[PDB]
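Take a look at this single chain in structure tokens; it is the form deposited in one PDB entry.
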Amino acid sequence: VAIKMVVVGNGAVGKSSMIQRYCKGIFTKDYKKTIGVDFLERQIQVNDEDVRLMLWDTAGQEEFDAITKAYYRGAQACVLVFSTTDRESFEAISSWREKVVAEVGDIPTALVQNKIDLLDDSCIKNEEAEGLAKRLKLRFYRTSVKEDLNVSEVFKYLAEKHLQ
């Protein structure tokens, strides 16, 4: 069981960091993270199935309005990411959802609030984040890529939803 997954959202929310954390077990201090290939990979056991997850990176092209059709094509699951400290990233989420739906239709999707380790400087109230999850009817995670909190859980959930 091989699965292509996309991770989308505004720039600097921590998308590349999330993929690096899940597939390599690392977190670096750089202001911007880079992946040198189309996707990183992790092989896991899910309900007696050997599953191979392939997580595709946007290559920073969201800041230049230039994400290609090839990025989205074939996707079987999706992570929508916004940042705790970035008001604009939260407001953009429903539009990112439409971009994916337009390309591949309905696929298992999770909503993610990253950088929860910086909660004292939060630009989004809990009720606001929950209100969005309810409206889009999506599983919602409070995540810290930095502290490795609720990263692995997201991809496991999505893998299980693909199989059932």
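So that the term is clear: the rigid core is the largest set of C-alpha atoms that superpose within 1.5 Å between two forms. Residue positions are given as counts along the sequence shown, with the first one as 1.
Just so you know, the form deposited in another entry exists too; it's not on screen, but the next bit is about it.
Visitor: When the rigid core of both forms is overlaid, which of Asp38, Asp117, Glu130, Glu63 is the one whose C-alpha moves 2 angstroms or more between the shown form and the other one?
Guide: By this measure, the answer is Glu63.
Visitor: Since the Cα separation of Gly11 and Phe64 moves by 3 Å or more in that other deposited form, tell me which way: closer or farther than here.
Guide: Those two alpha carbons end up farther apart in that other deposited form.
Visitor: Mind checking the CA-CA distance of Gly74 and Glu63 in that other deposited form? It differs by 3 Å or more from this form, so is it closer or farther?
Guide: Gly74 and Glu63 sit closer together in that other deposited form.
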